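Note that we place each Cβ from the backbone using ideal geometry, even for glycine, and neighbour counts take in every protein chain shown. Read the figures in this text as sums done on the coordinates, not as results from a lab.
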Amino acid sequence: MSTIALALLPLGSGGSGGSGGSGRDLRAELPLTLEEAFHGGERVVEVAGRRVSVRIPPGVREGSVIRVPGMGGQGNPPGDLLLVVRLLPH
């Protein structure tokens, strides 16, 4: 159950929700451990000083995007955060 750390990519890199207007999207890549890919429980993500434990699906595999609202668009209009799971091919 190795701990993971998110990327928090600035808007671009071939990643854009856009549609929503009031709801600023932000993309972020979680490199996940295969133990957690199997279990599918809460995994503690430490990134940018923020500790957010997300319940990933049992059997979660490469390219699965966990859209968590209120973690992307900060300030006043709550926006979503696109968590792209990144598993090793082996």
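Which of the residues that make up region 1-47 are small (G, A, S) and closer than 15 Å to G73 by Cβ?
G15, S16, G17, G18, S19, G20, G21, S22, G23, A28
How many of the residues in region 1-37 are on the phi > 0 side of the Ramachandran plot and free of Cβ contacts under 8 Å to residues at least 12 places away in the same chain?
Residues that pass the stated criteria total 4.
What residue, of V47, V68, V60, is crowded, with 17+ Cβ neighbours inside 10 Å, without any contact (Cβ under 8 Å) to a residue 60 or more places away in the chain and either under 16 Å from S2 (Cα atoms) or not small (G, A, S) (or both)?
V60
Quick one: would you say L88 is touching a residue at least 40 places away in the same chain (Cβ under 8 Å) and more than 13 Å from the chain's Cα centre (by Cα)?
For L88, the condition - touching a residue at least 40 places away in the same chain (Cβ under 8 Å) and more than 13 Å from the chain's Cα centre (by Cα) - is met.
I'd like to know if region 24-36 contains one or more residues that are out of contact with any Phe, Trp or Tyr (no Cβ under 9 Å at 6 or more places or on another chain) and surrounded by fewer than 11 Cβ atoms within 10 Å (Cβ to Cβ).
no
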